[PDB]
Amino acid sequence: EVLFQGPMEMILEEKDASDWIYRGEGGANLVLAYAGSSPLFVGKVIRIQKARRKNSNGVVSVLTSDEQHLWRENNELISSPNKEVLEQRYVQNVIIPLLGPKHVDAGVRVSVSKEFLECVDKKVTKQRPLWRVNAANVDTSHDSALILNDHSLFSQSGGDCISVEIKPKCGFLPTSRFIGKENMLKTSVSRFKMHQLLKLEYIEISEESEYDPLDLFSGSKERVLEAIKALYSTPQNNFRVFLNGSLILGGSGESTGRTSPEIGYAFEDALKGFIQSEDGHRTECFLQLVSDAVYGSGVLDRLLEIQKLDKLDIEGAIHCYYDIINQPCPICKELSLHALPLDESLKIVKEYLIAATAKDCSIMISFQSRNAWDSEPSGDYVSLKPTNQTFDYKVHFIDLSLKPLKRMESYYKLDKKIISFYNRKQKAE
Ligand SMILES: Nc1ncnc2c1ncn2[C@@H]1O[C@H](COP(=O)(O)OP(=O)(O)O)[C@@H](O)[C@H]1O
Ligand SMILES: O=c1c(O)cccc2cc(O)c(O)c(O)c12
Ligand SMILES: [Mg+2]
Ligand SMILES: [Zn+2]
């Protein structure tokens, strides 16, 4: 019998920085994969908050007063001390009751020192997209991070692990009575298709995408495989494929261009030893695999129901927003929405923000080939007949983030700019 220290929370220090390597980033977070030898972290990633270069006391504020009231239904949620606890609690107490816990497993919090976040910042700057380093770096005045399972790995070997990420976007067309007569194309063209035109105007993509979200969310196995083939053709930032955690198709921390014959030949070859098919045929087999696992899993049906919590479109919901923040409505100048009880205006706005989490999130699908000698069977698999192979798979949601109340104004101005530009571009017959 020996004396042990009393329980204490783990803090990561300069030593532990080198055990992580750049994986990717979006607008809010940097993500790193564990390249070390500890069993705690094998097959994990860490999610670190970026800084884009407070209440009535000078003390910084986690949620604004309006946000505390909007989300007051859960007392723990609005009591969150930092953004890491807020995100755990949002996923645990808001999202998982709506999606289920099978395809969601929130993270585990961990503390970090300032030198750790200075190491990670210097470490990754070389592998980040340049316009990302222009706009944001690691927030080194923070003291927490989130640990999560690495969903590009099937097993927390003797055979490659191949996985895909799909950012599916909004899969339905609005039916709101609050969409004005001039804007009726919003009822027949998807937001994603109209948005493409504006992205081209701003040099953010090089070609219009072939992908249509109404296909992927249709419930038709023919339409679904068609969407997967369009994603492969024009991935932009909606499709990525990893081999043992390393990217082999799509953009790194950013969107990318069309799959050229040269790209396709390289990808066709990277699939050797996962798909057992003669040369020039593995790609066709792999896209059927992804399609079958997306449709067979069923995960998109419940996701679409959360998106449809946006019931009035932003053209309706924006009026409830201006009641919430006790402001004269700039849009009007309507005694319908503005005559609602406070509690109903609040519910509409809150469900709008929840819908946005589901319109903005991603799905990661990892695969295990039973060809490998150390594979283990499960109840979730796809049988590839043209290849006489069986692949087990897992599906998980990522980026289930709480949206800030004040972005409501941004949502409205982008929408107005999308539909106006599309309207103009089509007038030119
Ligand atoms: N849990 C995870 N497992 C594996 N890869 C992940 C995981 N979470 C994020 N990533 C990768 O890192 C990227 C950025 O993460 P994300 O949380 O979307 O950042 P942001 O919140 O800034 O959009 C993702 O697009 C994905 O490729
Ligand atoms: O393209 C995006 C988009 O089209 C819509 C909505 C949210 C996004 C959020 C991100 O963090 C990001 O990097 C994006 O690239 C997008
Ligand atoms: Mg993201
Ligand atoms: Zn109004």
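Residues numbered from 1 in each chain as written, not as in the entry; some residues may be left out. Chains lettered and ligands numbered in written order. Heavy atoms only, no water.

A UniProt comment under Cofactor (unreviewed entry) is attached to the protein chain, and it reads "Zn(2+)". (UniProt positions renumbered as here; feature names shortened; annotations may be inferred.)

## What about the overall build of the protein chain?
Scanning the protein chain for helices and strands turns up 15 helices and 13 strands. The C-alpha radius of gyration of the protein chain comes to 23 Å, within 12% of the 22 Å expected for a compact globule of 429 residues. Its C-alpha atoms put the protein chain at 70 × 70 × 40 Å along the principal axes. Counting the 429 residues in the protein chain, one finds 49% classified as buried. Placing the 53 positive and 59 negative side-chain charges of the protein chain at their respective mean positions leaves the two points 5 Å apart. (Helix = DSSP H or I, 4+ residues; strand = E, 2+ residues; numbered from the N terminus. Rg over C-alpha atoms; globule rule 2.2 N^0.38 Å. Buried < 20%, exposed > 50% of the residue type's maximum accessible area, 1.4 Å probe, protein only. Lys, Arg positive; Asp, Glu negative; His and termini not counted. Charge placed at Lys NZ, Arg CZ, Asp CG, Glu CD.)

## Some remarks on the environment of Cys 161
By secondary structure assignment, the location of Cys 161 is in the loop between strand 7 (144-149) and strand 8 (162-166). Among residues more than four places away in sequence, those in contact with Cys 161 are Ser 152, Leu 153, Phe 154, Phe 242, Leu 243, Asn 244, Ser 366 and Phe 367. (Contact = heavy atoms within 4.5 Å.)

## Digging into the coordination of the zinc ion (ligand 4)
Surrounding the zinc ion (ligand 4) are the protein donor atoms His 319 (ND1), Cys 329 (SG), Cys 332 (SG) and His 338 (NE2), which sit 2.1 to 2.4 Å from the metal. Between the 4 donor atoms coordinating the zinc ion (ligand 4), the angles at the centre fall across 102 to 120°, so the site counts as tetrahedral. Note on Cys 329: relative accessible area 17%, which makes it buried. Looking at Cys 332, the relative accessible area reads 25%, which means it is partly exposed. (Donors = N, O, S within 2.8 Å, 3.2 Å for Na, K, Ca; no water. Tetrahedral: all angles 85-135°; square planar, octahedral: opposite > 155°, others 65-115°.)

## Re the environment of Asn 29
Its place among the elements puts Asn 29 in strand 3 (residues 29-34). With relative accessibility at 12%, the residue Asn 29 sits in the buried group. Sequence-wise, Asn 29 and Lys 50 are 21 residues apart; in three dimensions their C-alpha atoms are separated by 5.3 Å. Setting aside chain neighbours within four positions, we find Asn 29 in contact with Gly 24, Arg 47, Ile 48, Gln 49 and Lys 50.

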